[PDB]
Structures are given as structure tokens and as C-alpha cells.
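S.K.: Chains as they are written, first to last, in the authors' numbering: chain S, 2 to 125; chain K, 2 to 125; chain N, 1 to 116; chain U, 2 to 106; chain P, 2 to 107; chain I, 1 to 112.
From the three backbone atoms N, C-alpha and C, an ideal C-beta is built for every residue, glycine too.
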Amino acid sequence: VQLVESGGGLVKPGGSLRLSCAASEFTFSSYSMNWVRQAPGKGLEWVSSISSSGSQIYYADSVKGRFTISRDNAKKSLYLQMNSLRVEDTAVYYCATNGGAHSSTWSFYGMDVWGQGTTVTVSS
Amino acid sequence: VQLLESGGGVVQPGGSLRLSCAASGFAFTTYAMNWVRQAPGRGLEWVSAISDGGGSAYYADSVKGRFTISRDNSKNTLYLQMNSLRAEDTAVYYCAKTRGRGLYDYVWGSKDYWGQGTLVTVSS
Amino acid sequence: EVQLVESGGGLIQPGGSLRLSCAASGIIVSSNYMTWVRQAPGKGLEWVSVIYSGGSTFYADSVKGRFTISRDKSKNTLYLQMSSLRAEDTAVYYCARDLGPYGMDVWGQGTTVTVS
Amino acid sequence: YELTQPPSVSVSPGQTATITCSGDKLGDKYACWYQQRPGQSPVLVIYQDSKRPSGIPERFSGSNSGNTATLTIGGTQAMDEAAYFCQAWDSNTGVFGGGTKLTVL
Amino acid sequence: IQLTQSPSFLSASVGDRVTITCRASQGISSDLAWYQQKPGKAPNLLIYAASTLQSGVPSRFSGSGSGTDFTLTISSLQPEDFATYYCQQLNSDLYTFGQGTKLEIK
Amino acid sequence: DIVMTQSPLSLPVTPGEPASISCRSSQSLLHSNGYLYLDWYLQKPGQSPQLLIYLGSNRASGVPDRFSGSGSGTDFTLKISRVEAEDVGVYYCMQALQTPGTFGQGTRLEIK
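Dropping the structure here:
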């Protein structure tokens, strides 16, 4: 598929955002999605992940209780609720497909299709 | 309506404690709860909040990880986990219920009813 | 702001027909519990009827088989079909809004019904 | 769980590069490697510690044993100058390596 | 159910502490509403759920009791505090009232 | 963080006189859904606070009619119709919009 993200903008610490990652084709249904953020000065961080069915949802230790990944295979969209946006969350986020249907098969694949990242900035 | 806060006393610098907010006279099954601290002559400052059925565990930075909260929806009680207590948490602790029971009445917002408070002293 | 206004009562021969009306401003009648309440001269308040927000009806033991409660969604109004009127029906009736654990928060001015 | 990659290594063009990845009992796990050329979204180049995805020339060779994951680039050229992230999965947790920068002269 | 107020005719001067009792015969424990009615007027809520102050009621009015006993307590009388005071069964099917207690500014 | 400053720090006012307490937010607390998420508290001396004003302009159950709130966006004022002898104590405001819940520093209305 062909992936495009949206939603990154200027918010102050503690604010709310809701990113997105839209797909071109309906092959989106067969891909377990991952959210990966890229620091302005460093490499990448894994943020979250979701299964193809959406029933196997995992978060990074630094982000649980704040973010809420969700998808809609009929809408060919991937979202990421972005609450309590906090001092080090400024980054560029990448939505990357795994291919493995469930979390048990994620280690047998890699994140292959990345969309153009969306810049998120938090500051007073 | 009664908000009986239990526990609390003199604990050791870096030691442990757990606080109980036994509530009665109201549902508590659809109501959110808040934890509020006040160091001696230093003003009301926030700590924690929980949703109707737990899971939503909302903390300030100074209690990041170090504090955790829970509720006993059957016995109608509120709890508060403590670890590695510093000298800045020496205070009297108020458990307070949110006004109300609908959404956009933020679980970290208005606090209608407050308790009597128990002093938590960290010293030697 | 929340006002109930009542009309339709009057001096009526025993056993006759009659109807009350209770217009409502602010409250939607079609989704709240509305009750009819009676007060005989020299006596206290007493319940008559309630029609549920879903449309289910209820009347008292002294009321069953005689009165009917009715509504209109277009005019936001409450009605009471008054029939088989005996001498004991001489009273003043108010319309009130029932909220269960909350009491009769709003009330009407009342209309005097006399039987002769 | 952490994966340790050297901050950067460099070789002259046309040489063979060698970039390491360290983890606790990391030879019991599957490791993926990615190429991030500056200003670019990364691309998967090695997965399953031995297999090479479609669209990648065979000079991207990776191997894993013990506590070290290694990637080998024979005949390094100009556009091999990129950030290289050794990846691994442990307990359903996506943990990325430090990311070794490769510089060609 | 049968609700009985006690006693019917009640008299006091301004400033007295009054305790109007509506006695529940079975025991319901949260279902009381206090209805004050100016002579020939529209009643109003005073205390709902038998203990909580209904909004806009002045703070001189209080309610107490739970279970089988119930009371209305007025901390400080006013010359306009004369009315007929009703108790009602909340959360019921017939919404039974009391007979009515007529406080008098006497 | 939303850092809120009260104004003024103290208001000793004789009973029977009117009093206004103002507390301004650093950010905008308006329209999470259309209301002003600032709440007003009174901590009377020696006992625990309860709500005086919620949602900027409205009050909770059983509050004296003398209390009223006003202001929108960043400036908010509490309006006591007639100070009396039971009104002594510190007044707090709180932003109720973002998760870090910050209270004011405490201005007492006292009897001078």
C-alpha cells in the first residue's frame, strides 16, 4: 500500500492530538501497524503496535496510559490518540506495516512500508 | 456521604506505605476519584485520579511510576501505592470524588466532596 | 424558565366529560415523567396518574376505569381525559415532572374543578 | 532489553564494512536491520538474521550468533553512508538498537 | 405504604428550633422529599433524598433521619416560614404523601 | 503546565461589604466543550475545602447565593455579594482542562 500521515502540529505540553496514517489500497487489512517516532536529533523509537484484527494492542513503557492506537480496515485508516502530550514527545512519527497478522508472528517480519512522516512539536 | 481516609503516619525516608479511602453514602461505582496533597502551609496540589472501573491511572510527574492507585469497586474503597518516599511528599492527603458521572465531566476535574485527610510524615 | 400552565377544568355535571391541558415551556413532555396530582378542598395532595417517558401509563386505584392521561408531541402538552365524574372528583389538579429519587422539581399553578 | 550498537564506523569506498549489534542472549532471537540515509525513511535490508528481502543486492550479508548480531557489506559504495539500526523483538516489545552510522570516503 | 406526620398543628415564635416529623411505617431509608406549601400556593422541594439540600433552598432548612425515622429541622424560624409541610414517598408507585403539618408563626 | 496566579494575595474586608477575587490563567481554559473549566474552592480555617464555583460561573449544591463567578478565556473573578463572619479563609482556583491539576496559592478573605 501507499501510506500518507496527517495531524502533526503545534501544541503546548499536556495538550491533545490525534494523528493518522491513511492507506491507498485495501491491502491495509493484512498488515499489522506500528507507530515509530523519529527524534529531531536522534533515530527512531517504537511507539505502539496493533494487530491486523486490532485485538492485539501494545505500547512502549514510556507511553501507556496516554496514547490510544486504533484502526479501521474498512476505512483503510490508522489513528493514534495523543493525550498528555508531554515534553519529549516532539518528533516525526512513522506508520510502518509489519505484515505479520498477530503479535506472535511479528518477529518473523520487519517494518517494510513507511509513509511520509508527520512532524509533531510540543513547546510553550 | 463519608470519605474516611485510613493509613498514614510516620514512614521512613525511602520506605513504603499504602493509604485507604473508604467511601460510603453514594454509588462510587460510576464516580471518579481524586487524590490531593497539601504540604504544611504550601497549598493544595494534585496527585492522582481514576476512572469508574480503574484502568485509567492518571499521575503527575513527581509521582511518575513511584505512585500507583487502585479501587475496590465491590467494597467501595480507594487505594494508593507508595514507594521510595522523599521529603516533599510529607503532607496531608485528601481523597475527593468528582462531581459527577457523565463524560466531559473530566475525571481529573471538579471535586465536589472531600474527606478529612490523614497526615503522612516522612522522617526518622 | 421552566413553567407549566394548566387549563380545561370547570364546573361540570356529575358523570360528565371534561379534559385538562398542561402546556410546558423548557421541559419536553415527550421524554419526561409527568404526573397528575389532586388536592380536594380541605385536604392534602394525592396522586392520580403518571405517563412514562416511553409512553407507558399509570393511574391510581380511585382513578382506574374513569380517567385517561394523554399527550401531544407537537404542542409539548399534557392532557387528562376526565370522565364518569363523581362528587369526589372536586379538587385542584397540578401537573408535575417526576424524576424518581429527585422530587417533583417543577409544578403547575393548578386549576379548580367543581362537580354539581 | 537493550541492543548496543557502536556510535559509528567508517571504511573507504570499495571495501568491506562490518557493523555489530549486542544483546543479552541475542543469538536466540530474530534481528532486523534497516538503512536510514539522511533525510529518508528507513528501509528494511536484513531480517531473520540470515534472509535478504526482495529488491536488495546480495552484498548486504547479515549473521547472528551468541550475543552479537553482525551485518557485512562487501564492495561498499557511496550510498552505503547511512544510519543502520539493528532491531529485535523480545516479549512483544519493539526495541531498536542504537544505530551505527556508516561513513564512506 | 402509610406515611404519618406528627403533629398536625404546630406553633412557635421567630427564632425557635422546630422539628417536624414524618414517620415511615415500614422503613424505606432514602425516599423522602419535603414539600413546603404556602397557604393556597404551589409546593416546592426543600430537602430531597431526605438529607440533601435542594438547590436554591436557604441554608436554614435541614433534614435528617434514615430507615424508619425521618425528621424536618428548621434551625432558625422566619415570619414567612409558616406553611403546610408535606412529606412524600420517593421511588414509589403511588407517591404517597403525608396528611400535612401546618406550622404557624404564632 | 498551566500556571495560575491569583489577584490579590490578600483581601481583608469587613463583614457586610462586597468582595471580588480574581485569578488569571496562563493559557486558555475555554471550550473543551463550550464551558470555562476553572473551579473555585474555599478552605475554611482548620477544615477541608468543598466546591464554591464550578465551570467558572456556576455553583454546586447548597452554596450561599452571595457567591458568583464571572470572566472568560483567561481572566476569572469571584463575586461575593456580602462578606460575613463565616466567609473567612483561603480561596483557590483550579484549571480543569489538562491533566496536571494546579491550584492557586491562596488568598484569604479575613475580617480586619
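Can the beta-carbon of U/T69 be found closer than 8 Å to that of U/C33?
M.R.: Within the fourth sequence, residue 69 of chain U is the residue found at index 68, counting from 1. Within the fourth sequence, residue 33 of chain U is the residue found at index 32, counting from 1. Going by C-beta atoms, U/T69 is not nearer than 8 Å to U/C33.
S.K.: Specify whether the region 91 to 108 of chain K and the region 40 to 55 of chain K touch according to this definition: at least 3 beta carbon pairs, one from each stretch, less than 8 Å apart.
M.R.: Yes, they touch.
S.K.: Residues of chain S with CB closer than 8 Å to the CB of I/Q27, please, in chain order.
M.R.: Position 27 of the sixth sequence, counted from the first residue, corresponds to residue 27 of chain I. The answer, in chain order, is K13.
S.K.: Hey, would you say the C-beta of S/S50 is under 7 Å away from at least one heavy atom of the ligand SAH?
M.R.: In the structure on display, the ligand SAH does not appear, and there are no ligands present to speak of.
S.K.: Give me the residue from K/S7, K/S75, K/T122, K/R67 with the minimum Cα distance to K/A28.
M.R.: Translated into the one-based positions of the second sequence, residue 28 of chain K becomes position 27. Minimum Cα distance to K/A28 is reached at K/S75.
S.K.: I/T99 versus chain S: which residues are under 7 Å apart at the beta carbon?
M.R.: As a working note, residue 99 of chain I is residue 99 in the sixth sequence. What I/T99 touches in chain S: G15, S85.
S.K.: Tell me the DSSP secondary structure of P/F83 in three-state form.
M.R.: Position 82 of the fifth sequence, counting from 1, holds the residue named residue 83 of chain P. Three-state result, P/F83: coil.
S.K.: Roughly how many whole angstroms lie between the Cα atoms of S/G15 and I/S26?
M.R.: Locating residue 15 of chain S in the first sequence gives position 14, counting from the first residue. Locating residue 26 of chain I in the sixth sequence gives position 26, counting from the first residue. Straight-line Cα distance between these residues: approximately 14 Å.
S.K.: Quick check on I/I111: buried or exposed, where buried means 16 or more other Cβ atoms within 10 Å of its Cβ?
M.R.: What you label residue 111 of chain I is simply residue 111 of the sixth sequence in a count that begins at 1. Label assigned to I/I111: exposed.
S.K.: Can you tell me where the beta strand (DSSP E) with K/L18 in it begins and where it stops?
M.R.: For the purposes of this step, residue 18 of chain K is taken as residue 17 along the second sequence, with counting starting at 1. Per DSSP, K/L18 belongs to the beta strand (DSSP E) from 17 to 25.
S.K.: To the nearest whole angstrom, what separates the beta carbons of I/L51 and K/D113, a pair I think is in contact under 8 Å?
M.R.: In the sixth sequence, the residue the question calls residue 51 of chain I occupies position 51. In the second sequence, the residue the question calls residue 113 of chain K occupies position 112. Their Cβ separation, rounded to whole angstroms, is 5 Å, which keeps I/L51 and K/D113 in contact under 8 Å.
S.K.: When the Cα atoms are used, what is the spatial distance from S/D113 to I/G71?
M.R.: The residue given as residue 113 of chain S occupies position 112 in the first sequence. The residue given as residue 71 of chain I occupies position 71 in the sixth sequence. Looking at the two C-alpha atoms, the distance is approximately 53 Å.
S.K.: When the cut-off is 8 Å and only beta carbons count, does I/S57 lie next to chain P?
M.R.: The residue given as residue 57 of chain I occupies position 57 in the sixth sequence. Output row for I/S57: interface = no.
S.K.: Please classify K/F68: does DSSP put it in a helix, a strand, or coil?
M.R.: Locating residue 68 of chain K in the second sequence gives position 67, counting from the first residue. Coil.
S.K.: Tell me where the beta strand (DSSP E) around I/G69 begins and ends.
M.R.: Along the sixth sequence, read from residue 1 onward, the residue named residue 69 of chain I stands at position 69. From DSSP, the beta strand (DSSP E) with I/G69 extends over 67 to 70.
S.K.: Taking the beta strand (DSSP E) that S/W115 belongs to, which residues open and close that run?
M.R.: Residue numbering aside, residue 115 of chain S sits at position 114 when the first sequence is read from its first letter. From DSSP, S/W115 is part of no beta strand (DSSP E); its letter is neither H nor E.
S.K.: For chain K, check one thing: does any of its Cβ atoms lie closer than 8 Å to the Cβ of I/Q6?
M.R.: The sequence position of residue 6 of chain I within the sixth sequence is 6, counting from 1. False, the Cβ-Cβ gap to chain K never drops below 8 Å.
S.K.: Determine which residues share a DSSP beta bridge with S/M83 and list them.
M.R.: Here residue 83 of chain S refers to the residue found at position 82 of the first sequence. For S/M83, which the question treats as bridged, DSSP gives the partners S/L18, S/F68.
S.K.: Along chain I, in chain order, which residues have C-beta atoms closer than 9 Å to that of P/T53?
M.R.: Along the fifth sequence, one-based indexing puts residue 53 of chain P at 52. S61, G62, listed in chain order.
S.K.: Taking Cβ positions only, does P/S65 come closer than 8 Å to chain I?
M.R.: Taking the fifth sequence and counting its residues from 1, the one referred to as residue 65 of chain P is at position 64. Answer no: the Cβ-Cβ gap between P/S65 and chain I never drops below 8 Å.
S.K.: Tell me the DSSP bridge mates of U/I74?
M.R.: On the fourth sequence, residue 74 of chain U is found 73 positions in, with the first residue counted as 1. Answer is U/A18, U/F61, bridged to U/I74.
S.K.: So which residues on chain K does I/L51 lean against when the C-beta distance must stay under 8 Å?
M.R.: Here residue 51 of chain I corresponds to residue number 51 of the sixth sequence, with the count starting at 1. Within chain K, the residues near I/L51 are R100, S111, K112, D113.
S.K.: Any C-beta of chain I within less than 7 Å: which residues of the region 38 to 67 of chain K qualify?
M.R.: Under the 7 Å Cβ criterion, the region 38 to 67 of chain K contributes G44, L45, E46, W47, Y59, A61.
S.K.: Is U/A18 near U/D91, with beta carbons less than 8 Å apart?
M.R.: Locating residue 18 of chain U in the fourth sequence gives position 17, counting from the first residue. Locating residue 91 of chain U in the fourth sequence gives position 90, counting from the first residue. Result no, Cβ atoms of U/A18 and U/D91 do not sit closer than 8 Å.
S.K.: Is there at least one Cβ from chain K nearer than 8 Å to I/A19's Cβ?
M.R.: What you label residue 19 of chain I is simply residue 19 of the sixth sequence in a count that begins at 1. So, not an interface residue.
S.K.: Can you tell me the Cα-Cα spacing of S/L81 and S/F68, whole angstroms?
M.R.: Reading the first sequence from its first residue, position 80 is the one you call residue 81 of chain S. Reading the first sequence from its first residue, position 67 is the one you call residue 68 of chain S. Distance between the alpha carbons of S/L81 and S/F68: 7 Å.
S.K.: Please identify the residue among U/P7, U/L45, U/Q78, U/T77 whose C-alpha is closest to the C-alpha of S/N99.
M.R.: Along the first sequence, read from residue 1 onward, the residue named residue 99 of chain S stands at position 98. Of U/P7, U/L45, U/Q78, U/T77, the residue nearest in Cα terms is U/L45.
S.K.: Quick check on I/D1 - is its C-beta less than 8 Å from some C-beta in chain S?
M.R.: Translated into the one-based positions of the sixth sequence, residue 1 of chain I becomes position 1. I/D1 counts as touching chain S.
S.K.: Please name the residues in the region 30 to 46 of chain S whose beta-carbon is closer than 9 Å to at least one beta-carbon of chain U, in chain order.
M.R.: Of all residues in the region 30 to 46 of chain S, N35, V37, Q39, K43, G44, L45, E46 have a Cβ within less than 9 Å of some Cβ in chain U.
S.K.: Taking buried to mean at least 16 other C-beta atoms within 10 Å of its own C-beta, is N/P101 buried or exposed?
M.R.: As a working mapping, residue 101 of chain N is identified with position 101 in the third sequence. The residue in question, N/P101, is exposed, as its Cβ has fewer than 16 Cβ neighbours within 10 Å.
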